[PDB]
Structure formats: structure tokens, C-alpha cells
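Participant: Handing you a structure now.
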Amino acid sequence: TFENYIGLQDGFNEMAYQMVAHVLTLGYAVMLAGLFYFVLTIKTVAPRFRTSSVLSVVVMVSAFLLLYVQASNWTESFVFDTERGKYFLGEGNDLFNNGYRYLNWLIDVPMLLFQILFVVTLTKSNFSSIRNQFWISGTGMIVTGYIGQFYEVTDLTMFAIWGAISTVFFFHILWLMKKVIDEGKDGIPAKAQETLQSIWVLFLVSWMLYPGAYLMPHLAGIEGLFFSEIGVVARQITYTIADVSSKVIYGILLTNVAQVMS
Amino acid sequence: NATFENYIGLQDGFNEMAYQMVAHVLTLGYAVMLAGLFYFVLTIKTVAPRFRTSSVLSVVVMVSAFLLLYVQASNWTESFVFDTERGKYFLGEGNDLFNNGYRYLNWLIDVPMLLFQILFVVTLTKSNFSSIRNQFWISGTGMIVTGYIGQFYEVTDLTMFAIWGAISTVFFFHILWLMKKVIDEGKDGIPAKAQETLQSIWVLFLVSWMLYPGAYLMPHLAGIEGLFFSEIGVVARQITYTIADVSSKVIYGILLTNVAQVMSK
Ligand SMILES: *C/C=C(C)/C=C/C=C(C)/C=C/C1=C(C)CCCC1(C)C
Ligand SMILES: *C/C=C(C)/C=C/C=C(C)/C=C/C1=C(C)CCCC1(C)C
């Protein structure tokens with residue numbers, strides 16, 4: 001409950017509050033933009049690759065609704081105070097919770113992991129085990145990382161152990177994902193492999209922003225510059241930077257591969 | 001292995017009346033979506049800011065429903081070729097009507113939005129907003145996904161048709177149970193006029209959403225399939241789907257603004 005500590009203790013200034021709102025807003029705006037693209041490029045690809053576009057489409061709705069709800073929740077959860085000149089947390093149900101983002105990833109991560117297996121062929125690996133290990137590891141990554149965030153402020157020590165258990169589940173993801181890229185690369189045109197490598201480095205970078213934002217409150221030391229409203233701002237841009245990269249750009253690039261393969 | 005509309009269009013064919021009635025009801029469909037879009041943009045100012053998230057969601061539902069119902073109308077016109085020997089329309093050139101993908105893509109997109117938006121209007125006393133949303137999404141998505149999968153076996157494998165269709169009804173009965181809770185809970189504490197509208201919303205939700213399995217699963221469940229395995233059944237199902245979409249999207253969103261307008265006073 002990092003945002004609710006800052007939101008109630010220090011408060012949010014007008015710039016910070018309206019930035020998180022605006023960033024989240026264009027976040028769900030580009031989600032619907034990416035959805036428009038994936039529907040249009042469904043007959044651009046062969047029937048074999050149309051499962052990937054649907055997975056992109058399904059991912060687009062869920063990210064939009066998440067970014068949509070979190071944008072609405074952010075607008076309503078913090079009420080302006082006239083005497084102090086800041087926005088403070090207030091009472092209701094349906095308050096802004098960054099853990100809702102986690103539960104979204106619980107289902108979005110496997111889809112984003114699966115849909116490349118529908119684009120990319122597996123050589124010297126069976127589709128079942130790869131997909132099956134993707135599922136358990138990514139799910140195991142998110143659930144324990146979900147747990148650690150509960151101790152983001154009250155217990156930094158549990159925040160450490162739980163958040164570290166998941167980052168090896170992360171390292172599992174990258175260790176199963178690399179061969180998917182590798183084995184699927186050779187055999188198809190080299191330009192599609194170059195795309196696929198860009199898809200890998202993009203994969204690498206964007207998926208580090210999610211533990212990187214998980215480390216925003218305690219980056220400039222435990223309670224430094226980022227244990228403030230700017231650390232709350234910084235976290236929500238980062239997520240929005242990651243979400244476009246991890247989903248829209250990632251799916252757009254998986255389609256180019258599917259288009260190149262006809 | 002074959003869609004109901006594909007089999008009829010490839011084997012039996014379509015006489016002029018049936019062929020033009022499907023396009024007619026499809027064009028009427030997106031016309032109602034475009035007209036509903038006018039209402040929602042025009043009413044966005046009639047509610048307090050906290051309820052414009054629901055109105056804009058309706059706008060989003062209208063745009064995508066309009067666009068996707070539009071492509072279906074265009075595809076229906078372009079996918080069939082007239083045969084002068086039979087006086088009928090036959091799907092040609094390996095046109096599969098996209099396996100009704102645009103129809104199911106439309107449902108895949110709109111269903112979560114339709115379920116999500118009522119939480120932006122209605123206030124909850126006992127339930128966890130995030131968990132309701134997650135369940136809504138899981139059930140709604142699985143329903144349409146399993147509906148699209150089983151739709152390929154309606155003419156071929158009755159066993160596979162039943163196993164996927166029965167799975168879609170699991171998700172469906174779960175949605176009904178959820179939507180009933182949200183509405184019954186959101187009635188507490190609000191003016192009785194919005195309570196009455198919320199009940200009309202429930203009844204409308206119940207009936208309209210029921211029309212989709214009615215046109216797909218209930219013909220086989222009652223043994224009336226076979227009488228509809230023709231061009232008549234293709235038209236009857238499309239008309240039912242279109243009436244259901246107007247009710248579940250446009251009429252649904254209108255009543256939501258009426259609740260938000262009462263609570264915005
Ligand atoms: C569309 C959403 C995406 C791709 C989410 C990705 C999630 C992760 C790579 C983040 C996992 C975490 C860690 C590696 C460290 C501990 C906490 C987490 C869950 C943020
Ligand atoms: C606006 C889009 C809507 C409301 C469409 C929703 C679809 C359903 C409520 C129906 C789903 C189905 C079943 C319950 C059983 C058989 C398979 C379906 C997809 C027709």
C-alpha cells in the first residue's frame with residue numbers, strides 16, 4: 001500500500017495527481033488503439049496465426065479495462081484539500097490499489113507468453129512442456145510477487161524474500177523464452193529473426209520495469225527521494241511505459257512476423 | 001469443421017429474400033449502434049463526473065459494435081456469388097464468412113465492458129470491486145471463447161458441440177449470479193426510483209443475454225433443430241442476435257444513464 005501511505009501522510013500536489021491520471025488515461029487510449037489494429041490485421045495473416053491476433057485482442061481489452069478502472073479509481077480515491085493545497089486519500093470502496101494490476105498480470109502474462117508459441121515453431125522442444133512451464137512459472141512469479149507487495153512498507157524484510165523468490169521465477173521465464181526465440185528464429189527469413197530478436201530485447205527490458213517499479217519506493221535508498229509522491233508518479237509512468245511495450249508493441253511485432261511468414 | 005451459416009451457404013444456398021434480410025438486419029444493427037452513440041455523447045453532461053466512466057464505456061461499446069457489425073454487413077455482401085442456374089446465392093472462392101469471427105470478436109470485446117461499466121454507476125456495500133471485476137472478465141471471456149470454439153462443431157461433432165456449449169453455460173450461469181448480486185447490493189441506500197430501474201436493468205439483462213444461447217444452444221436442447229437447418233434458421237438466428245445486441249448494449253446503456261442521472265441528483 002505504497003500509494004496509500006504517501007496519499008494520506010504527505011499528500012499529492014496538483015501536478016503529480018493530474019499526471020498519474022493523464023498518464024493512465026492515454027494508457028487505456030493506446031490500448032484501444034492497439035485493439036483497433038489487431039482487429040484490422042486479422043485477415044492480413046494466415047489462419048494459422050489468427051490465434052495470436054485474438055490473444056493480442058483479448059490482452060487489449062483487459063489492459064484497457066485495467067488502465068481504465070485504475071484511472072477512474074485514481075480520480076476518485078484522492079480528494080483535494082483546500083487548506084493544505086494537496087490531494088489526500090479519502091474514504092470509499094473502489095479505492096485505487098496497485099495490486100489490482102498484479103491480478104491482471106496473473107492472466108495477461110501467460111497470454112503474452114503463449115501467443116508467441118502460436119507464432120513461432122518449436123524445434124527440439126515440445127509445445128506442451130514449454131507452454132506448461134510458462135504457465136506455472138509466470139503464474140508463480142506473479143503470485144509471490146503479489147505477496148511481497150503487501151509488505152512494501154510494513155515489513156521490508158518479507159518484501160525482500162518474497163520479491164526475490166519471484167525474480168528467480170522471472171529468470172525461469174527468460175530461460176524458457178530464450179529457446180522459443182532461438183529455435184523459432186532459424187529456418188524462417190532472417191529479417192523475421194531480426195524482428196524476433198528485437199522482440200526479445202523488448203521483452204527483456206519491458207519485463208524488468210515491473211520489478212523496477214516494484215523497486216521505485218526503495219531505489220534512492222530505503223526512504224529517499226522516491227519514498228515520496230514522485231516515486232508514486234514515477235511508478236505509474238513506468239507501468240504505462242511498460243504496458244505499451246509489453247503488450248501493444250510486443251503484439252504489433254509478433255504480427256509483423258506472422259505477416260512476413262504470410 | 002463448419003459453421004451453420006457456412007454449410008447452408010455452400011450446400012443449400014440463399015434465395016434473394018433471405019440473403020437481403022441478413023444484410024438488412026445487420027445494417028439496421030450498426031445503425032442502432034451509431035444512433036446510440038449519438039445519445040451517449042449527447043448525455044455525457046447529464047451526470048456527475050463519477051458516472052461519465054460508464055457513459056464513455058457505452059460510447060466505446062457503440063463504436064466497436066458499430067464497426068464490427070459493419071464489417072459483417074460488408075462481408076456478407078462480398079462473400080457470396082449469385083448463381084443464375086439455381087437463382088440462389090452461394091459462398092464461393094473458399095469464403096468462410098470469417099467463421100463468424102467478427103460476430104464473436106464483437107462479443108469478446110463488448111461483454112467485459114458491458115459487465116464492467118455497471119460497477120462505475122452502482123455502489124457496493126459488502127463485495128470487493130476488484131474480485132467482482134476479475135470474475136466478470138474471466139467468466140465473460142471464457143464464455144465467448146468457448147462459444148466460438150464449439151460453434152465449429154454445430155453441424156459436425158455433436159459431442160464436441162455439447163462439451164464446449166455446456167462449458168459456455170457454466171461461465172454464463174456464473175455471470176447471471178454475479179450480475180444479480182451487484183444489482184441487489186447496489187439497490188441498498190439509493191432512491192427507490194433507481195432501485196426500480198435497476199430491477200428493469202436486471203430483467204433486461206436476464207432476458208437479452210438469454211437470447212444468445214436461445215438462438216444457438218436451445219434449438220438442440222429442445223429437439224427443434226433440423227426444422228431450422230436451412231436459410232430460415234440462418235436469418236432467424238441473425239435477427240435474434242441483432243435484437244439481443246440492441247437490447248444488451250444500447251437499451252442497457254440507456255437505463256444505466258437513467259440510474260446515474262437519478263443518483264446524480
Ligand atoms: C502486461 C504485463 C506484464 C508483462 C507483466 C509482467 C510481470 C513481471 C515480469 C513482474 C514480476 C515481478 C518480479 C520479477 C519481481 C517481484 C514482483 C513482480 C511481480 C513485479
Ligand atoms: C453484446 C454482446 C453480448 C452481450 C453477447 C453475449 C453472449 C452470450 C450471453 C451468450 C453466450 C453463449 C452461451 C451462454 C452458450 C452457447 C454459446 C454462446 C456463446 C451463444
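Ordered as shown in the C-alpha cells, chains take letters A, B, and onward, while each chain numbers its residues from 1 and ligands are numbered from 1 in the order shown.
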Compute the chain A side of the contact with chain B at 7 Å, counting only C-alpha atoms, and hand it back as a count of residues only.
Facilitator: 3
Participant: Go through the chains and note each residue within 7 Å of ligand 1, using only C-alpha atoms and all ligand atoms, then give the set as a PyMOL selection string.
Facilitator: chain A and resi 102+105+108-109+112+141-142+144-146+163-164+166-167+170+207-208+210-211+214+243+246-247
Participant: When the cut-off is 9 Å and you count only C-alpha atoms and all ligand atoms, which residues lie near ligand 2, shown as a ChimeraX atom specification?
Facilitator: /B:61,65,103-104,106-112,114,140,143-148,150-151,164-173,175,205,208-218,241,244-249
Participant: Please, could you write that set of residues out with C-alpha atoms as a PDB file, in the first residue's frame?
Facilitator:
ATOM      1  CA  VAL B  61     -19.101  -0.327 -26.785  1.00  0.00           C
ATOM      2  CA  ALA B  65     -20.060  -2.853 -32.025  1.00  0.00           C
ATOM      3  CA  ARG B 103     -19.594 -11.611 -34.514  1.00  0.00           C
ATOM      4  CA  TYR B 104     -17.607 -13.480 -31.857  1.00  0.00           C
ATOM      5  CA  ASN B 106     -17.576  -8.286 -31.196  1.00  0.00           C
ATOM      6  CA  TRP B 107     -18.851 -10.261 -28.198  1.00  0.00           C
ATOM      7  CA  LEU B 108     -15.311 -10.908 -26.950  1.00  0.00           C
ATOM      8  CA  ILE B 109     -14.702  -7.153 -26.832  1.00  0.00           C
ATOM      9  CA  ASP B 110     -18.035  -5.796 -25.610  1.00  0.00           C
ATOM     10  CA  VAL B 111     -19.075  -8.346 -22.953  1.00  0.00           C
ATOM     11  CA  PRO B 112     -16.401  -7.364 -20.371  1.00  0.00           C
ATOM     12  CA  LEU B 114     -20.865  -4.184 -20.527  1.00  0.00           C
ATOM     13  CA  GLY B 140     -17.253 -13.310 -19.856  1.00  0.00           C
ATOM     14  CA  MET B 143     -17.971 -17.813 -22.397  1.00  0.00           C
ATOM     15  CA  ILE B 144     -17.273 -16.207 -25.781  1.00  0.00           C
ATOM     16  CA  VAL B 145     -14.030 -18.129 -26.367  1.00  0.00           C
ATOM     17  CA  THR B 146     -15.714 -21.477 -25.705  1.00  0.00           C
ATOM     18  CA  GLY B 147     -18.709 -20.287 -27.712  1.00  0.00           C
ATOM     19  CA  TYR B 148     -16.523 -19.587 -30.743  1.00  0.00           C
ATOM     20  CA  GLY B 150     -17.939 -25.010 -30.098  1.00  0.00           C
ATOM     21  CA  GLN B 151     -19.624 -23.109 -32.938  1.00  0.00           C
ATOM     22  CA  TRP B 164     -17.989 -26.656 -25.344  1.00  0.00           C
ATOM     23  CA  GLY B 165     -21.537 -25.300 -25.256  1.00  0.00           C
ATOM     24  CA  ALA B 166     -22.104 -26.747 -21.791  1.00  0.00           C
ATOM     25  CA  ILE B 167     -18.859 -25.084 -20.694  1.00  0.00           C
ATOM     26  CA  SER B 168     -20.093 -21.745 -22.052  1.00  0.00           C
ATOM     27  CA  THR B 169     -23.247 -22.136 -19.950  1.00  0.00           C
ATOM     28  CA  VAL B 170     -21.110 -22.598 -16.821  1.00  0.00           C
ATOM     29  CA  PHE B 171     -19.493 -19.209 -17.435  1.00  0.00           C
ATOM     30  CA  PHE B 172     -22.937 -17.850 -18.332  1.00  0.00           C
ATOM     31  CA  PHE B 173     -24.818 -19.047 -15.238  1.00  0.00           C
ATOM     32  CA  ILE B 175     -22.350 -14.192 -14.858  1.00  0.00           C
ATOM     33  CA  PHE B 205     -30.019  -8.176 -18.690  1.00  0.00           C
ATOM     34  CA  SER B 208     -31.478 -10.130 -23.579  1.00  0.00           C
ATOM     35  CA  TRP B 209     -28.365 -12.141 -22.701  1.00  0.00           C
ATOM     36  CA  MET B 210     -30.559 -15.259 -22.642  1.00  0.00           C
ATOM     37  CA  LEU B 211     -31.336 -14.687 -26.333  1.00  0.00           C
ATOM     38  CA  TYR B 212     -27.834 -15.741 -27.424  1.00  0.00           C
ATOM     39  CA  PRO B 213     -27.922 -19.347 -26.115  1.00  0.00           C
ATOM     40  CA  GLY B 214     -31.567 -19.312 -27.172  1.00  0.00           C
ATOM     41  CA  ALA B 215     -30.632 -18.943 -30.839  1.00  0.00           C
ATOM     42  CA  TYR B 216     -27.624 -21.296 -30.602  1.00  0.00           C
ATOM     43  CA  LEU B 217     -27.965 -23.919 -27.848  1.00  0.00           C
ATOM     44  CA  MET B 218     -31.696 -24.138 -27.051  1.00  0.00           C
ATOM     45  CA  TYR B 241     -28.604 -11.944 -32.278  1.00  0.00           C
ATOM     46  CA  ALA B 244     -30.232  -9.181 -28.428  1.00  0.00           C
ATOM     47  CA  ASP B 245     -27.310  -6.814 -29.199  1.00  0.00           C
ATOM     48  CA  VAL B 246     -29.518  -3.717 -29.371  1.00  0.00           C
ATOM     49  CA  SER B 247     -31.063  -4.721 -26.064  1.00  0.00           C
ATOM     50  CA  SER B 248     -27.852  -5.773 -24.288  1.00  0.00           C
ATOM     51  CA  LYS B 249     -25.793  -2.798 -25.439  1.00  0.00           C
TER      52      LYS B 249
END
Participant: Which residues, written as JSON, numbers by chain, have at least one atom at most 8 Å from residue 134 of chain A, with only C-alpha atoms counted and residues fewer than 4 positions away on the same chain left out?
Facilitator: {"A": [110, 113, 114, 130, 138, 173, 176]}
Participant: Rounded to one decimal, what separation in Å do you get between atom CA of residue 248 of chain A and atom CA of residue 60 of chain A?
Facilitator: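 For atom CA of residue 248 of chain A relative to atom CA of residue 60 of chain A, the distance reads 7.7 Å.
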Participant: With distances taken over only C-alpha atoms, which residue among B:201, B:12, B:7, B:96 lies nearest residue 258 of chain B?
Facilitator: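 Of B:201, B:12, B:7, B:96, the one nearest residue 258 of chain B, counting only C-alpha atoms, is B:201.
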Participant: Just the number, please: distance in Å from atom CA of residue 240 of chain A to atom CA of residue 8 of chain A, one decimal.
Facilitator: 23.6 Å
Participant: Give me the residues near residue 86 of chain A as a PyMOL selection string, where near means some atom within 7 Å (using only C-alpha atoms) and where sequence neighbours in that chain fewer than 5 positions away do not count.
Facilitator: chain A and resi 11-14+80-81
Participant: Go ahead and write the selection's residues with C-alpha atoms as a PDB file, in the first residue's frame.
Facilitator:
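Okay, this is what ended up in out_23.pdb:
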ATOM      1  CA  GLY A  11      -0.489  14.130   0.065  1.00  0.00           C
ATOM      2  CA  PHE A  12      -0.250  14.726  -3.665  1.00  0.00           C
ATOM      3  CA  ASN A  13       0.349  18.021  -5.426  1.00  0.00           C
ATOM      4  CA  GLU A  14      -1.769  19.131  -8.375  1.00  0.00           C
ATOM      5  CA  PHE A  80      -8.454  17.741  -2.808  1.00  0.00           C
ATOM      6  CA  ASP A  81      -7.913  19.669   0.428  1.00  0.00           C
TER       7      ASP A  81
END
Participant: Please determine, counting only C-alpha atoms, which residue among A:192, A:168, A:183, A:7 has the shortest atom-to-atom distance to residue 97 of chain A.
Facilitator: A:7
Participant: If you count only C-alpha atoms, which residues fall within 12 Å of residue 67 of chain A, apart from same-chain ones fewer than 3 positions away, as number ranges by chain?
Facilitator: A: 20-32, 60-64, 70-74, 96-98, 100-101, 104, 236-237, 239-240, 243-244
Participant: Among segment 4-219 of chain A, which residues carry a DSSP assignment of helix (DSSP H, G or I), reported as a PyMOL selection string?
Facilitator: chain A and resi 4-9+14-40+47-77+99-119+127-149+156-185+190-214
Participant: Please, what distance in Å, to one decimal, runs between atom CA of residue 180 of chain A and atom CA of residue 209 of chain A?
Facilitator: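 Atom CA of residue 209 of chain A lies 21.8 Å from atom CA of residue 180 of chain A.
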Participant: Identify, with DSSP run on backbone atoms, the residues in segment 50-143 of chain B assigned to strand (DSSP E), and express the list as a list in words.
Facilitator: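 Filtering segment 50-143 of chain B down to strand (DSSP E) leaves residues 80, 81, 82, 83, 88, 89, 90 and 91 of chain B.
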Participant: Just C-alpha atoms for this one: save the residues we selected as a JSON list (two decimals), in the first residue's frame.
Facilitator:
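This is the output file again-v9.json:
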[["chain", "number", "residue", "atom", "x", "y", "z"],
["B", 80, "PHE", "CA", -21.50, -14.67, -51.75],
["B", 81, "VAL", "CA", -21.75, -15.13, -55.52],
["B", 82, "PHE", "CA", -25.07, -15.26, -57.36],
["B", 83, "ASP", "CA", -25.74, -18.42, -59.43],
["B", 88, "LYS", "CA", -29.55, -18.58, -55.32],
["B", 89, "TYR", "CA", -26.52, -17.10, -53.59],
["B", 90, "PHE", "CA", -23.61, -19.44, -52.86],
["B", 91, "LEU", "CA", -20.44, -18.77, -50.90]]
